[PDB]
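Peer 1: Provided hereafter are the protein sequence and its experimental coordinates.
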Amino acid sequence: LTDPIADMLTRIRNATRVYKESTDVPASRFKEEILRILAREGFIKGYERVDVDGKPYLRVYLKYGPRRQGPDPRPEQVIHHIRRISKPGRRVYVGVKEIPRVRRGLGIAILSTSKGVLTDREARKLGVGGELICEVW
Amino acid sequence: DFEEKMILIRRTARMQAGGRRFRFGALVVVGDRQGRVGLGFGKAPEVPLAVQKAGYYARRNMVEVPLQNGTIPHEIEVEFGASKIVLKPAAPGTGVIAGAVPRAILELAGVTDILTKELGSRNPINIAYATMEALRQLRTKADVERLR
Amino acid sequence: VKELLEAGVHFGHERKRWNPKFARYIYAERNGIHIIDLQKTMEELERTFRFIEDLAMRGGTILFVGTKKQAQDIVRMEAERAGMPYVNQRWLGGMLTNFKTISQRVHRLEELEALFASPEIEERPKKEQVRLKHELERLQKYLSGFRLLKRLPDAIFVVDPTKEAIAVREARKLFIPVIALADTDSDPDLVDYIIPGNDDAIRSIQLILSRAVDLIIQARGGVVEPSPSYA
Amino acid sequence: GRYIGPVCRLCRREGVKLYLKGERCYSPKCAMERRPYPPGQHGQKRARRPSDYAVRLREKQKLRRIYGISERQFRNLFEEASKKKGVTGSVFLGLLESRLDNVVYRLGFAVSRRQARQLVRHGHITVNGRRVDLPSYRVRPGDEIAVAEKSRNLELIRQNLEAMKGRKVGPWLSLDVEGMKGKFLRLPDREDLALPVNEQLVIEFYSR
RNA sequence: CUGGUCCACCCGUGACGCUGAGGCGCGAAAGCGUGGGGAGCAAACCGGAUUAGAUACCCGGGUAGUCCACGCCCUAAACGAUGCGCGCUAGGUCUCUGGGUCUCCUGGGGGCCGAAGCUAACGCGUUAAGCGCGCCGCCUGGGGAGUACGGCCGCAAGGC
RNA sequence: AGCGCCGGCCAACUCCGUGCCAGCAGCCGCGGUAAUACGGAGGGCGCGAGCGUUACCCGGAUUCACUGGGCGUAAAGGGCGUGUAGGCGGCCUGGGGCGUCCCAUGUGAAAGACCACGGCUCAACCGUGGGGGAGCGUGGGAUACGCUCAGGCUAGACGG
Ligand code: SF4
Ligand SMILES: [Mg+2]
Ligand SMILES: [Mg+2]
Ligand SMILES: [Mg+2]
Ligand SMILES: [Mg+2]
Ligand SMILES: [Mg+2]
Ligand SMILES: [Mg+2]
Ligand SMILES: [Mg+2]
Ligand SMILES: [Mg+2]
Ligand SMILES: [Mg+2]
Ligand SMILES: [Mg+2]
Ligand SMILES: [Mg+2]
Ligand SMILES: [Mg+2]
Ligand SMILES: [Mg+2]
Ligand SMILES: [Mg+2]
Ligand SMILES: [Mg+2]
Ligand SMILES: [Mg+2]
Ligand SMILES: [Mg+2]
Ligand SMILES: [Mg+2]
Ligand SMILES: [Mg+2]
Ligand SMILES: [Mg+2]
Ligand SMILES: [Mg+2]
Ligand SMILES: [Mg+2]
Ligand SMILES: [Mg+2]
Ligand SMILES: [Mg+2]
Ligand SMILES: [Mg+2]
Ligand SMILES: [Mg+2]
Ligand SMILES: [Mg+2]
Ligand SMILES: [Mg+2]
Ligand SMILES: [Mg+2]
Ligand SMILES: [Mg+2]
Ligand SMILES: [Mg+2]
Ligand SMILES: [Mg+2]
Ligand SMILES: [Mg+2]
Ligand SMILES: [Mg+2]
Ligand SMILES: [Mg+2]
Ligand SMILES: [Mg+2]
Ligand SMILES: [Mg+2]
Ligand SMILES: [Mg+2]
Ligand SMILES: [Mg+2]
Ligand SMILES: [Mg+2]
Ligand SMILES: [Mg+2]
Ligand SMILES: [Mg+2]
Ligand SMILES: [Mg+2]
Ligand SMILES: [Mg+2]
Ligand SMILES: [Mg+2]
Ligand SMILES: [Mg+2]
Ligand SMILES: [Mg+2]
Ligand SMILES: [Mg+2]
Ligand SMILES: [Mg+2]
Ligand SMILES: [Mg+2]
Ligand SMILES: [Mg+2]
Ligand SMILES: [Mg+2]
Ligand SMILES: [Mg+2]
Ligand SMILES: [Mg+2]
Ligand SMILES: [Mg+2]
Ligand SMILES: [Mg+2]
Ligand SMILES: [Mg+2]
Ligand SMILES: [Mg+2]
Ligand SMILES: [Mg+2]
Ligand SMILES: [Mg+2]
Ligand SMILES: [Mg+2]
Ligand SMILES: [Mg+2]
Ligand SMILES: [Mg+2]
Ligand SMILES: [Mg+2]
Ligand SMILES: [Mg+2]
Ligand SMILES: [Mg+2]
Ligand SMILES: [Mg+2]
Ligand SMILES: [Mg+2]
Ligand SMILES: [Mg+2]
Ligand SMILES: [Mg+2]
Ligand SMILES: [Mg+2]
Ligand SMILES: [Mg+2]
Ligand SMILES: [Mg+2]
Ligand SMILES: [Mg+2]
Ligand SMILES: [Mg+2]
Ligand SMILES: [Mg+2]
Ligand SMILES: [Mg+2]
Ligand SMILES: [Mg+2]
Ligand SMILES: [Mg+2]
Ligand SMILES: [Mg+2]
Ligand SMILES: [Mg+2]
Ligand SMILES: [Mg+2]
Ligand SMILES: [Mg+2]
Ligand SMILES: [Mg+2]
Ligand SMILES: [Mg+2]
C-alpha cells in the first residue's frame, strides 16, 4: 500500500455504497485524528480501536438517511462525497486565506496543520493553514 | 396549473419498405416560478399531440427546488452519461447566465440569479435530464444538519 | 393474534439459492437449507400487522397477490373472507400502473354480467352467444378478484416478491406500500412490511394469510372461528 | 447622433405605445390606436414565434428607443452599471434616468425627450446656475435644474409649464412651478417607474 | 541438467518495498549467411481444366523453404485490440491443483451468469472496463504516411 | 447620411429578371423556368459620421484538460521480461525544523488598474486621496503531514 490515508477514505466510500453497518481500516494515530473530525462533524456514528487477527484496526460505524419512498427504497448518504486533495504524487498546501469553502458551507475540508487536524472553519478560527487532506460532504 | 415552455421539437424517422415514416418528439419543461419544476419528453406521431403528451409527463415528474432569494443553495455538478452541467450560486444583481436548455428549466423554476456552464456532450435531451438530477440533489442548511 | 408455534408450521426452507440481502433474517443452513429465524419473523409480524391493523380500523383496501401453485386457491379463500380484492391466476401487466385501461376491461365483464343475466335478445346469432359465453369464462378466470377493486389500493399483499416482482415494481412506482410473505430467495429491501417465512408450504401460507385476514375483520367489527383450508 | 427619424414605426414594432411625441401620443390619431401592427409590407402577416434572441433584442431596443439614445452610450452605461455595486438592473435604469435630457422631460419642462434634448442643446436649460447644452450630463442628487431666464419668457416653455400645475412628478423629484425650476432628489427605485420593460432580459441580452 | 510456481507449518530477516526514462536479454512465421539433411508438403515455376481472359480459385507435376547446427533478422490481428503493483466493493455455478475435520471449509489458478457501480452503447463486473493511490508508456480530425529528410541498427530484405 | 445585412446559426420578406447560366459563399449549402440563398426593386432589420472587409491576438476550445480530458471496439498500453537513473512508499516513539503554516518587518518606484472625491459646462482626458496582494530578504513562532537523523515493531517484501 502506498497511500494509507486515501485507502481509509476509499474503504469508507466503498462501504457506504452498500450501506454497511460498519467497516474496518488499519489503524494509525493520524487516521484517528481524522476519524475524530469525521465523527464530531457528524459524518459517522463513531469509531473504536479493535483488533483483527491480533492486528490493530479502526472499526467505523456508518451513518445513513431514512428509508425512502418510490422504486428505489435506498436511503440517502450522510457522506455523499469524500476524496483526497493532497496526494503523494502532489502535496497540496494552502495558506489560511486561501482555504476553500466546501459546498458553499455545507461541507468541510479536513486539514493537517501545525496546530492539529482542523476543519476549514477551525483553521480560520485558529488562524493557521496547512496540507489540505480531503473534502467531504 | 403551471407555466409551460417547449425546449425542443425534433423529427425522427424509421424505415419500412417503400419509404421512411416519421415521429415527432417534444422536450417540455414546466414550472410555477416558485421552486417547483417538471421535465417531460413526449413522443407521438404528430407535433401537437406530442407536446401535449410531454406536458402530461412533465407534471408526472416533478422536483421541489429550494430557492433562496432566487438562487440555489450550494454549487452542484452532475454528469448524465456524456453530458455535464455546472451550477453556481449568484448574487441578486447577476441574472441567469445559462445555455438555452438549462435556462428554460431555471426560469420556470423561479431561479433568477445563477451562474451555469455546460460541459461534455451538449445533447439537449441529455443536458436537460442532467440539470434536473442536479436540482434534485440540492440540499439546505437544515437538510444537511438534519441528516447528521 | 400471533403465535410461537410457527415453527410447528414452517420455519422456512430453500437451499443456497438465496438472496444475500436476506442474510440478516436467516439463522443457519441446516440440511443444506437456509433456516429463517422465527424470533425475527414475529418481530416483523408485529410491525407488519400493526400497519395492517391501522388500515383495517380506517377501512382501506388491500390487494392480495399470489399466483404460484402453492398459494393458488388459498388466496381466494382468505381474500373473499376479508371481502378484499386478490389475484389468483396471471397477474396482468399494468393492473396498477395502467389501472384506468385495465379497469376499463372490467366494465366489459359487468357488461357481460348484464346481457347474460337473461334475457335481452337470445335471438342474437348462435355464434355470437357462444363467443360471449366463452368470453365470460375467460374474464372470470383472471378478473374475479379484481372487480372488487374500484380504486388504487392503500397497500398490496404478496406471496412471493421474487415471483411477483412485477407487482412490487408497480406499487413501488405508485408509492403504494408492499406487505409480503418472503423466504430466502426474495429481496428484503424491496418490501416495506415483510413476513420472512416459507412461501411454499401451504401450511405457512395459511397461517400468515389467515391470521392476517383474522386481523382484518377483527378491527372491522367482530371476530370469527378458523377458515376453510385443505391440509 | 440620436435616432432623428420617423418615430411611430418604433412603437408599432415594439407592440407598445412609447410616448415619444408628447401631445399626439394621447390623441386617437396615435399610430398604435389606429394600427397596432408592425411597419411595412408584411405587418399584417401572422407572426411566427420570436426566438429567444428575438425577445431580448426587442426589450433592449425598447428600453433604448425609449430614451432616443445611441447604442454606444447605451452599452457604456450598462457596462458602468455592470461594474457598479448592487442590482445591475436598478443602477442601469437609474443611470439612464439621471441623464439631463431625461430629467428635463421628467420634470415636465418638455412634451418629449426628443424636444427635451433641443431645450438642453439650445442652452434653454441650466443647472445650479451655470448653463448646460449637453444632453448627456449626469444629474446627481441636489442638482437645481432651471430654465435660463433669457429663455423663461418663451411660448414653448410657457405652454408646457401651463400643464405642470398639478401633475405629480415621481417620489425622487421636486418642483417649483412659475419659477420654472426643479430639483433632483434621489436615484429612482425600480418601483418609481413602471416602464414596459422586463429589465432582467436586457442583462441577458448582453451576456451572449 | 534447469527455471518459474502453489500449499501447509507460522520458525528466521526487520520496510530490505512498488514502478521504471535509457540500458540489457528474450522474441511466432517468413526471410538471410556457412555447412548438413531432404519422406511428405509446398512460394516461384510447368502443364491440364474452368473462363470472354484466369498471370487465380480445382486437378497432375514441382524448386526454394519447411527439418538440424552455429550466426543473423527483431516484424505481426506479438490480441484479452485491456501496462504493472496494491487496498476496498453481493453472490450463484462449472473446472484444475493444493491443505484441513473432506458433510464441507480454506488457499492459488481456469471459464460462465450475475449485487453495487461503470459505460456513448455494446458490454465490464473480486480475472473490473467498479471505487482509490503510485509509477511508466501512449493519444490530440481524415488522407498525405509509417512516406520523406537526417540519424542509429542490418550481409541483404529491411527495422527503429 | 451613410454603411452593412434580411436561407439556418442570426434580427429582418415580398415582386420582377436570369434558368447548374450569371453569380453568392464563414460553415451547412444555394442557382438545372415558382430562388425569402444570384442581380435589381419595394419593404424590413442593425448600427450610425460612420458602417463593412482583410490581417493578426485571446475567447468560445474541457480541442494540451494545474483549475479541467483521455487510451476493450472511437485517435491512443510499449511484443514480453530484467533492471539504471528518477518518482512514489507500512505501524510506533523521539531529536532536528528543510519543506509546510503563522506573526512581525523591509522591499514590492512613478504612471496604469480598483474604490472615493474633485477640474475642464459633461465625457474622453486629467488632478488629490484610499485599498492592497503575490514574490524575495530579515527576526520570532508552530510541528499535524512531507523531509531528515535516531531507536523500536511485524501487517508489505524476502528467507527456513
Ligand atoms: S403617437 Fe406617441 S405613442 Fe402613439 S405611436 Fe406615435 S409615438 Fe408611440
Ligand atoms: Mg486539485
Ligand atoms: Mg428539498
Ligand atoms: Mg450526454
Ligand atoms: Mg464520463
Ligand atoms: Mg450563496
Ligand atoms: Mg464533444
Ligand atoms: Mg453540436
Ligand atoms: Mg420461494
Ligand atoms: Mg460618435
Ligand atoms: Mg414614455
Ligand atoms: Mg453588479
Ligand atoms: Mg408616476
Ligand atoms: Mg461577455
Ligand atoms: Mg514468526
Ligand atoms: Mg527482531
Ligand atoms: Mg520491475
Ligand atoms: Mg527499457
Ligand atoms: Mg524471430
Ligand atoms: Mg523460422
Ligand atoms: Mg536463405
Ligand atoms: Mg537457410
Ligand atoms: Mg548465396
Ligand atoms: Mg542449403
Ligand atoms: Mg525433395
Ligand atoms: Mg496453369
Ligand atoms: Mg486456357
Ligand atoms: Mg490473353
Ligand atoms: Mg497444386
Ligand atoms: Mg504434389
Ligand atoms: Mg530460389
Ligand atoms: Mg538459397
Ligand atoms: Mg531469396
Ligand atoms: Mg500470437
Ligand atoms: Mg487468442
Ligand atoms: Mg493473459
Ligand atoms: Mg498494438
Ligand atoms: Mg484502433
Ligand atoms: Mg509498463
Ligand atoms: Mg484435499
Ligand atoms: Mg477462482
Ligand atoms: Mg459476465
Ligand atoms: Mg444494475
Ligand atoms: Mg471512470
Ligand atoms: Mg441499448
Ligand atoms: Mg465469483
Ligand atoms: Mg488471475
Ligand atoms: Mg472506457
Ligand atoms: Mg491536416
Ligand atoms: Mg492528419
Ligand atoms: Mg521506414
Ligand atoms: Mg514496417
Ligand atoms: Mg533515411
Ligand atoms: Mg513498433
Ligand atoms: Mg452586419
Ligand atoms: Mg429556401
Ligand atoms: Mg429571422
Ligand atoms: Mg403574379
Ligand atoms: Mg443570362
Ligand atoms: Mg451579397
Ligand atoms: Mg424550381
Ligand atoms: Mg424566379
Ligand atoms: Mg435577394
Ligand atoms: Mg446571403
Ligand atoms: Mg473601422
Ligand atoms: Mg482562436
Ligand atoms: Mg485552454
Ligand atoms: Mg488533468
Ligand atoms: Mg477527449
Ligand atoms: Mg489506466
Ligand atoms: Mg500487452
Ligand atoms: Mg520493439
Ligand atoms: Mg531506486
Ligand atoms: Mg523518498
Ligand atoms: Mg512515510
Ligand atoms: Mg519524525
Ligand atoms: Mg522549517
Ligand atoms: Mg504602484
Ligand atoms: Mg467634476
Ligand atoms: Mg491616483
Ligand atoms: Mg486586486
Ligand atoms: Mg507584505
Ligand atoms: Mg518532529
Ligand atoms: Mg527506523
Ligand atoms: Mg508478511
Ligand atoms: Mg514464506
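Peer 2: Perfect, thanks for sending it. Numbers count the residues shown, from 1 in each chain, chains lettered A, B, ... in the order given. Ligands and ions are numbered 1, 2, ... in the order given.

Peer 1: how about residue A:48, what does it touch?
Peer 2: Counting by C-beta atoms under 8 Å, 6 or more residues apart in numbering or on different chains, residue A:48 touches A:58-59. Where C-beta positions appear, they are placed from N, C-alpha and C, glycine not excepted.

Peer 1: where's residue D:144 relative to ligand 4, distance?
Peer 2: As for residue D:144, its distance to ligand 4 is 63 Å (criterion: C-beta to the ion, to the nearest Å).

Peer 1: residue boundaries of the helices in the chain?
Peer 2: Going with chain A. Taking DSSP state H, the helices of chain A run over residues A:4-16, A:29-40, A:120-126.

Peer 1: The intended chain is chain D.
Peer 2: For chain D, the helices defined by DSSP H cover D:8-14, D:31-34, D:52-67, D:71-83, D:88-97, D:100-106, D:113-121, D:149-152, D:155-161, D:200-206.

Peer 1: List of residues touching the fifth one?
Peer 2: Outside helix D:88-97, the residues that touch it by C-beta under 8 Å, 6+ apart are B:93-95, D:63, D:67, D:69, D:77-78, D:80-82, D:84-85, D:102-103, D:106, D:138, D:187-190, D:193, D:195, D:199-200, D:202-203.

Peer 1: Report the spatially closest residue to the residue positioned nearest the centre of chain A, excluding sequence-adjacent ones.
Peer 2: Against the mean C-alpha coordinate of chain A, by C-alpha atoms, centre = their mean, the closest residue is residue A:38 at 5.1 Å. Closest residue in space to residue A:38, ignoring its immediate chain neighbours: residue A:44 at 5.2 Å, by C-beta to C-beta, 6 or more residues apart in numbering or on different chains.

Peer 1: got the contact list for the one you found?
Peer 2: Remark: with contacts taken as C-beta under 8 Å, 6+ apart, residue A:44 is in contact with A:12, A:35, A:38, A:60-63, A:78-79.

Peer 1: Would you mind writing the ChimeraX command to select the buried ones in the contacts of helix D:88-97?
Peer 2: To isolate the buried ones among the contacts of helix D:88-97 in ChimeraX, judged by 16 or more other C-beta atoms under 10 Å in any protein chain shown, type:
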select /B:93,94,95 /D:63,67,69,77,78,81,102,103,106,187,188,199,200,202,203
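
Peer 1: got a winner among the contacts of residue A:44 for most neighbours?
Peer 2: Among these, residue A:60 has the most neighbours (other C-beta atoms under 10 Å in any protein chain shown), with 26 neighbours.

Peer 1: neighbours of the residue of chain A found nearest chain D, just the number please.
Peer 2: When C-beta to the nearest C-beta is the measure, chain A has its nearest residue to chain D at residue A:104, with 21.1 Å between them. Other residues within reach of residue A:104, judged by other C-beta under 10 Å, total 15.

Peer 1: Tell me the secondary structure at whatever residue of chain C ends up closest to chain A.
Peer 2: When you check chain C against chain A by C-beta to the nearest C-beta, the closest residue turns out to be residue C:172, at 4.4 Å. Recorded secondary structure, residue C:172: helix (DSSP: H, G, I helix; E, B strand; the rest coil).

Peer 1: Tell me who's in contact with it.
Peer 2: Contacts for residue C:172 (C-beta under 8 Å, 6+ apart) come out as A:70-71, A:73, C:178, C:190.

Peer 1: 7 Å instead?
Peer 2: Under the criterion of C-beta atoms under 7 Å, 6 or more residues apart in numbering or on different chains, the contact partners of residue C:172 comprise A:70-71.
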